[PDB]
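# Quick check, what structure comes out for this input:
(one chain, ligands or ions: 4)
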Amino acid sequence: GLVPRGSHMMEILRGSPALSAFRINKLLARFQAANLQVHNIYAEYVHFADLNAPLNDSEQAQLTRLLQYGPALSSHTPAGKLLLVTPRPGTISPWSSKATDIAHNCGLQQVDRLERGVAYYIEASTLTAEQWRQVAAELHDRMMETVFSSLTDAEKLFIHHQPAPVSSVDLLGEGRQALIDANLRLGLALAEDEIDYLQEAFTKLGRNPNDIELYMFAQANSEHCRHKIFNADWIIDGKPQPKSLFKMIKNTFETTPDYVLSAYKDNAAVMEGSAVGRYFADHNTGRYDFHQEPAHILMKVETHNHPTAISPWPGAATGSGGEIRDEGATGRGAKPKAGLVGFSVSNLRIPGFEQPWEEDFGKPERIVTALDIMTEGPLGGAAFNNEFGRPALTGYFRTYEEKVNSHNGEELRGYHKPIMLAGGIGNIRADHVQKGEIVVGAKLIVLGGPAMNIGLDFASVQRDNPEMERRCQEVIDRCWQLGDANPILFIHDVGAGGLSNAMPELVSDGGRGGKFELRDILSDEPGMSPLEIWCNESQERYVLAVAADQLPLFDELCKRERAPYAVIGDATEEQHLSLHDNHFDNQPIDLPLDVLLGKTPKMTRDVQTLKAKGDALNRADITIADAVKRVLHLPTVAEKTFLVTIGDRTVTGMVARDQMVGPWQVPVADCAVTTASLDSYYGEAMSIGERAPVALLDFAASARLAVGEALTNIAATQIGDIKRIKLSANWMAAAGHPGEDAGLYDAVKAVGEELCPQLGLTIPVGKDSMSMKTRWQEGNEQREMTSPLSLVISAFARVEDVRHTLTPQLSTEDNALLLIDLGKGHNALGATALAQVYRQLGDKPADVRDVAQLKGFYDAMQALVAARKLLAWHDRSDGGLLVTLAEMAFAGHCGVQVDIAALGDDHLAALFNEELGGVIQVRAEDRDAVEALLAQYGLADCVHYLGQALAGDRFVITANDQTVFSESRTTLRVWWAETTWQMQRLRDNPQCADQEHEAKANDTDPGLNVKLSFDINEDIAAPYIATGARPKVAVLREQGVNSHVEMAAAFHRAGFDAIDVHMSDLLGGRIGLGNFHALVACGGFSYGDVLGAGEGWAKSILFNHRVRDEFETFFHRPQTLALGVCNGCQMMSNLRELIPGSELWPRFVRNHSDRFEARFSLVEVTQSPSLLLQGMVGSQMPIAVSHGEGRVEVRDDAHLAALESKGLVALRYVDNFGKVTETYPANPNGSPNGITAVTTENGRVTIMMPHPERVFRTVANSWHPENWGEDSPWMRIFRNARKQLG
Ligand SMILES: Nc1ncnc2c1ncn2[C@@H]1O[C@H](COP(=O)(O)OP(=O)(O)O)[C@@H](O)[C@H]1O
Ligand SMILES: [Mg+2]
Ligand SMILES: [Mg+2]
Ligand SMILES: [Mg+2]
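Numbers count the residues shown, from 1 in each chain. Ligands and ions are numbered 1, 2, ... in the order given. The protein structure is shown below:
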């Protein structure tokens, strides 16, 4: 391709088949059911290259080779109608940014931009023009993509547009009527008092406002930005209120300032951590050292509700992406550690799996369904968390949509506009918690990706480029790692409002002003107006202030990490903001700072209280037996595997407690626990409390239950003082809707003035979304879908001992199951899982019955966690005591024999109430002392003995001589799994979804088990470490690598001197491989896996003659070792032509499941010449798996038979039974003969997909036997490396 494109050339290069077997079969099945007779369909990826200069033969062959990737699926000769799906014109895709990155790092600077599209070849025959639009409609996303009829039509994606001029609003010429026209035209949605201020301010300044100044003002004075509702004065029932909603949340800090370092001063909150060894690479030596200093914990939770309703993937991705920015931009620089994902939607209504409570109430044409949000949403959120490298450790998922009789009578209550919750923790240094002072003349920089026209359904469609944020994070990292030499004076994140809010906020919080230059900002689309360059909500951008003489240091750091930066302005003494344009010689902005932060009348909400009545439960169709079946089928209660395994849970190697529990990997962990470092047992803990449907009956109860559930979910961890637990209050409501407003005040008062100050719980952070409703026309009537007052409390805490955390995993040993019913026998059935499941709302809901007992409960729980008196713990949340005992039996793979006689005469209420508390398991001999301890905290009238956990499959609930409920634990396990099975069927490979489900039906599954061939505690590297001689290992990384710090910590424990070797360090000629005898290619998402996972990394070595030679000399040397875990396994398997004895090596392509697999799979060490696996052969241990492209692919059977004969296989996936299996998920990728590790003939180079570096510590394993020391068996790989070098 060299078809006419201005001064540039557009090149058409073919690619591999885009869709695999089942995807094509699903498309054909989707066409049939729409009366579109399509015989066959074939999809093919096709690349488009915009070249600025010419391309020679060597360079042409190099471009063709970069674009050869993915699964080697059989290609078809194009036949039928061509339908090309490319992104919408004027839009650059995340693929395009990352693929072009590779071209530039491979020496092909002639390439301006690289875009991909999917060519569909439809053999349908005889379809009217209408039916063709229907076919095209099913092949693209109307919000992001467009359909073309020719491959040459893709020229529209690269059009050069002339920079648009600044428009002026003629206030001085047309009057106030010019601002009324601008408020309508530009879409500023300002109030009357706001337009009044804008009239006066510009009459004072005596000039016409530019469209840019007006748009900036709108973004700065929107309700969300200024937090109008939260700062507003209130009048409840004709009675004026003393405090505001924000001031009531601040009361929790005034009554409990304990352990808080920063609150309401940043875009996150900081609390006290522990003095642990912070591990990183020294700025001078390049060596990774342990820095013994206080590692303080930071936290923040965000929402991105409306964007998720329009486009799920971007809404969820940028939701976690903006939150990751809030964390990194805390103080003078911080580092994100772990994260939490949350969701609330309407009824799923899965085709062929409709539930008895689900009814179609319609939905706006403009928004997407609850099911589409649950397919594409979790994937987008996980895509960011996976590609950036932060583990998604805990969370919630709730479904609600019903014609309920609430506060405003009978109406539809649900979430058509969902709650997309994204949050997490991070670590920060003590001298970086506080924001530094901005000096006059401080250079104001924009760290991050080149802007595009994103924030202006269409304008609600976002963009996620997570590798860009990794690079940005690595710059923030090198900065706080410099100690007191940290260049960053002040750092703020970019988000709502774009640069128009971020910059005037950076200087304002510093007390300074600022002079900018529009042409110094990095732009990816030239045609933008000054309005668009400054007000666009483009992602992965940060704003920062750095001293003038610290600029050469910032440049050196950014270029080495490949993170784009641009100095756009200077900080000024005078409180004034100004933007300059060098292209037009004018000044787009010229305003005093107060003119922007300009106030008008403070909001006053004079509201009335409304209260629901709601009748008692109609128990006609309710039988305890059907109630159990119906409850376990409610998405809120049901297994959450489809939300857990799609997101990384093992990165940083600091993960102690992930969602998956026990040998059976059941996702029932109540909270998430991470270790503070890689050298301690101190840590962080995360939990979520939320009970939104209760706000339909009692507003104050739902709020209190959210604080209560967060506390009960956190209770199994060794925290100590309750004042150590810090809360985050995210409020979701529909402000204006009858009764919600007055009910928001009572809910904020209930937690802010009453419950939290009484327990000692601080709320140092929060956020608000105040328009949770959707309106549309159904027939001729208007329908509304209003959300309940949804409070999502996220509890954060410092851990004293990571090892002492309890899980729902029951022990079959002599035991006693004791229930702590904090509900005091109230047994409330209103607004429960049971009620919803039977299309009802109920009578009276659950609540914190006694404040002193909820505190007493926690203190008692802590007393038992420290004294090691508990065997297991699980709290009562959704679906009551039944679901708690069921989920405990699922995790323990055992039986339960309980008696609920002393729990009232109402058995349905005793089993299904969502009151606080739960079930603790103790040793039989310890029953008396534990009851006595629980009595010391005044909980004797709450503690009821239930029964015991028995070995078996029987789940029995009795009441004296009578049998209340008896069923097979496996039947309940499978029923509870049915929702995730169905979600994986429509999203992943149905073959894989079915195999995962059908393995749960086998009660004979022994779970993950261990077989060891060597001594796990024998440190064979000890005589070597004792000499003091520490050999150096090149811990290799490319832009987008995240699993390198723990890889360095693994070799360090073995006795190595781990050094940070970036690819830029080799390409820039700073570091050479000659001084090394050991190299390790690390894991991550280099280039966001674009152009094939690990292919861009390998080709930047291969095409660069100097670096290519540097690597070949390394592998060809007699005494060198090399490791390639994940990503780096994919990189090294693409470097075959450089490594000796790697002729028979396979490739690692997309998983058979077509999904990212974050598993804890069981492998076995097979006989291979591998020098890193010596002494380990025959062993069977669980390993950390986190990959989406790890399937071993051979060219034919000759390649596989030859690989097996040469004996190059090191690790194979085995099921829990012990045999080599190709069944999912025991084998997560679908690799032939279970391969995930191969080696060379000499055995010096070994590549593997699993992560031994993320699990080198026993506490870092999701499951491990209760006798294992500090080291896991995987610590031997690194020690074998030390003994081999001598
Ligand atoms: N959206 C999500 N993303 C990741 N994990 C989730 C999500 N939703 C739920 N989980 C996990 O599934 C498990 C059970 O969830 P759930 O029963 O709703 O929590 P709870 O224990 O408070 O009742 C937990 O381990 C939780 O962290
Ligand atoms: Mg919950
Ligand atoms: Mg729970
Ligand atoms: Mg639950």
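
# So which residue is smack in the middle of this protein?
Central residue check for the chain by Cα atoms, centre = their mean: the C-alpha nearest the mean position is that of residue 385, 3.9 Å away.

# would you say it is within a strand?
No. Going by DSSP: H, G, I helix; E, B strand; the rest coil, the assignment for residue 385 is helix, not a strand.

# buried sites along stretch 90-108?
For stretch 90-108, the neighbour count (16 or more other Cβ atoms under 10 Å) marks 91-103, 105-106, 108 as buried. The way it works is simple: take the backbone N, C-alpha and C, and place the C-beta from them, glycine included.

# now for the residues you listed, which pair is the farthest apart?
91 and 106 (24.8 Å; Cβ to Cβ).

# about what we covered before: now the residue nearest to the centre of the chain, nearest residue through space, not along the chain?
Spatial nearest neighbour of residue 385, excluding adjacent residues (Cβ to Cβ, 6 or more residues apart in numbering): residue 392 at 4.7 Å.

# ok, that neighbour to ligand 1 distance?
Look at residue 392 and ligand 1: by Cβ to the nearest ligand atom, to the nearest Å, they are 5 Å apart.

# roughly how far apart are that residue and residue 984?
According to Cβ to Cβ, to the nearest Å, residue 392 and residue 984 sit 17 Å apart.

# the more surrounded of these two?
residue 392 (29 against 23; other Cβ atoms under 10 Å).

# is it true that residue 949 touches residue 921?
Yes. If you go by Cβ atoms under 8 Å, residue 949 and residue 921 touch, sitting 6.4 Å apart.

# so what sits against both of these two?
Common contacts of residue 949 and residue 921 (Cβ atoms under 8 Å, 6 or more residues apart in numbering): 810-811, 815, 817, 888.

# Let's see which of these end up in strands.
815, 817 (DSSP state E).

# Is stretch 330-339 positioned near ligand 1?
No. Using Cβ under 6 Å from any ligand atom, stretch 330-339 stays clear of ligand 1, coming no nearer than 9.2 Å.

# mind exporting that stretch as PDB, just the C-alpha atoms?
Output in PDB follows, covering the C-alpha atoms of stretch 330-339 (Å, rounded to 0.1, in the frame of the first residue of the first chain):
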ATOM      1  CA  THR A 330      -0.400  11.600  46.800                       C
ATOM      2  CA  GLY A 331       1.800  14.200  48.400                       C
ATOM      3  CA  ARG A 332       5.200  14.300  46.600                       C
ATOM      4  CA  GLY A 333       4.900  10.900  45.200                       C
ATOM      5  CA  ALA A 334       3.600   7.400  46.200                       C
ATOM      6  CA  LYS A 335       3.400   3.800  44.900                       C
ATOM      7  CA  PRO A 336       0.100   1.900  44.300                       C
ATOM      8  CA  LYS A 337       0.100  -1.600  46.000                       C
ATOM      9  CA  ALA A 338      -3.300  -3.400  45.700                       C
ATOM     10  CA  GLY A 339      -6.800  -2.800  44.500                       C
END
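
# list the buried ones in that stretch?
Buried-residue list, stretch 330-339, by 16+ other Cβ under 10 Å: 330-339.

# Same list as before, these that is, but in a markdown table and with distance to ligand 3 included.
Output for the buried residues of stretch 330-339, formatted as a markdown table (distance: Cβ to the ion, whole Å):
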| residue | distance to ligand 3 |
| --- | --- |
| 330 | 29 |
| 331 | 33 |
| 332 | 37 |
| 333 | 35 |
| 334 | 30 |
| 335 | 29 |
| 336 | 25 |
| 337 | 23 |
| 338 | 18 |
| 339 | 19 |
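
# Check which residues of stretch 844-858 are buried.
Applying 16+ other Cβ under 10 Å to stretch 844-858 flags 845-850, 853-858 as buried.

# same thing with stretch 836-845?
Buried-residue list, stretch 836-845, by 16+ other Cβ under 10 Å: 836-838, 840-843, 845.

# Please apply the same query to stretch 147-157.
Buried, per 16+ other Cβ under 10 Å, within stretch 147-157: 147-148, 151, 153-155, 157.

# any idea how far it is from the chain center?
Chain-centre distance of stretch 147-157: 35 Å, with Cα atoms, centre = their mean, to the nearest Å.

# Then stretch 1063-1081?
On Cα atoms, centre = their mean, the centre of stretch 1063-1081 falls 33 Å from the chain's centre.

# Buried ones in that stretch, by neighbour count?
Buried-residue list, stretch 1063-1081, by 16+ other Cβ under 10 Å: 1063-1067, 1071, 1073, 1076-1081.

# Give me the subset of these that lies in strands.
Reading strands off the buried residues of stretch 1063-1081 with DSSP E, I get 1078-1081.

# wait, which of the residues you listed is closest to ligand 1?
Taking Cβ to the nearest ligand atom as the measure, ligand 1 sits nearest to residue 1081 out of these, at 29.6 Å.

# Contacts only, for that closest one.
Residue 1081 makes contact with 1036, 1097, 1122-1125, 1127-1129, 1131-1132, according to Cβ under 8 Å, 6+ apart.

# what sits opposite it in the beta ladder?
Judged by DSSP bridges, the bridge partners of residue 1081 are residue 1036, residue 1124.

# Distance check, it against ligand 3.
Remark: distance between residue 1081 and ligand 3 (Cβ to the ion, to the nearest Å) = 40 Å.

# List buried residues within the shared contacts of residue 949 and residue 921.
810, 815, 817, 888.

# Can you report how many residues neighbour the nearest residue to the third one once chain neighbours are set aside?
Okay, so that is residue 817. Using Cβ to Cβ, 6+ apart and skipping the chain neighbours, the partner closest in space to residue 817 is residue 946 (4.4 Å). Neighbour count for residue 946, taken as other Cβ under 10 Å: 21.

# buried sites along the helix or strand where residue 946 lies?
Element membership for residue 946 (DSSP states H and E) is strand 943-950. Buried residues in strand 943-950, defined by neighbour count with 16+ other Cβ under 10 Å: 943-944, 946-950.

# the domain parsing of the chain - what is it?
Here the domain assignment for the chain is 1-160, 161-222, 223-968, 969-1286, based on curated CATH domains.
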